[PDB]
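In the entry's author numbering, the protein residues as written are 1 to 136.
Everything on this sheet refers to the single structure shown next.
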Ligand code: HEM
């Protein structure tokens, strides 16, 4: 992960960072078992809650932290540690983590011309999920 790739990803992310709700929707759609861990959304129709105030509040927190991480590449270890601390006890699995990744990338491919940032994003996400998977 070198500066050229970091700048590419951060330029790419800047285009979509104002749409937290959309990104969280894509994740929940890729894997409903992630959605079922939120007491506030479990048992509800994703298409119906996507435009409510609770969804936006959650989305802003979750994508807000992801935004922190993208902004500080590559010095992400401390934040990954915090992530593991809050999520390890919720029983998040590797399967779910990989569906989060798949959902995010599906979002990016449907909303931007992703072809030019694809390798840089690959490097970033392989590094990030690489660290998470070493810790939980
Ligand atoms: C893919 C598996 C994941 C599952 C099952 C999951 C589940 C959850 C749950 C249950 C909460 C608590 C919601 C609440 O009570 O209000 C939460 C909050 C949060 N998640 Fe995740 N999450 C996942 C992935 C991630 C990832 C990849 C990030 C990195 C951006 C992340 C960042 C956050 C943040 C910042 C919060 C709010 C702070 C907190 O309560 O931990 N989550 N998530």
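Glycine residues also receive a C-beta, built at the ideal position from the N, C-alpha and C atoms.
Residue range of the alpha helix (DSSP H) that residue i falls in?
{"i": "residue 91", "result": "Looking at the DSSP string, residue 91 is not in any alpha helix (DSSP H), and its letter there is neither H nor E."}
{"i": "residue 32", "result": "32-35"}
{"i": "residue 135", "result": "Element bounds for residue 135: n/a, residue is neither H nor E."}
{"i": "residue 137", "result": "No answer is possible for residue 137: it lies beyond the span of the chain, which begins at 1 and ends at 136."}
Is residue i a contact residue of ligand 1, with contact defined as CB to any heavy atom under 8 Å?
{"i": "residue 49", "result": "no"}
{"i": "residue 17", "result": "no"}
{"i": "residue 10", "result": "no"}
{"i": "residue 39", "result": "yes"}
{"i": "residue 96", "result": "yes"}
{"i": "residue 86", "result": "yes"}
{"i": "residue 43", "result": "no"}
Just confirm the distance between the C-beta atoms of residue i and residue j, as a whole number of angstroms; I'd bet it's less than 8 Å.
{"i": "residue 96", "j": "residue 7", "result": "No, residue 96 and residue 7 are not in contact; Cβ-Cβ is about 30 Å, not under 8 Å."}
{"i": "residue 37", "j": "residue 80", "result": "About 20 Å; that fails the 8 Å criterion."}
{"i": "residue 121", "j": "residue 16", "result": "With a Cβ gap of about 12 Å, residue 121 and residue 16 do not count as contacting."}
Using a Cβ-Cβ cut-off of 6 Å (strictly less than) and excluding sequence neighbours within five positions of residue i, which residues of its own chain qualify?
{"i": "residue 106", "result": "26"}
Skipping 5 residues on each side, what residues in its chain have a beta carbon closer than 7 Å to that of residue i?
{"i": "residue 125", "result": "101"}
For the pair the region 60-80 and the region 9-26, tell me if three or more CB-CB distances fall below 8 Å. Three or more beta-carbon pairs drawn from the region 60-80 and the region 9-26 are found closer than 8 Å, and the two stretches are therefore classed as touching.
Inter-stretch contact at 8 Å, needing at least 3 Cβ pairs: the region 120-133 / the region 99-110: A contact exists between the region 120-133 and the region 99-110.
Do the region 1-10 and the region 72-79 meet, that is, are 3 or more Cβ pairs less than 8 Å apart? Touching, per the Cβ criterion.
The region 106-118 touching the region 51-58, judged by at least three CB pairs closer than 8 Å: No, the region 106-118 is not in contact with the region 51-58.
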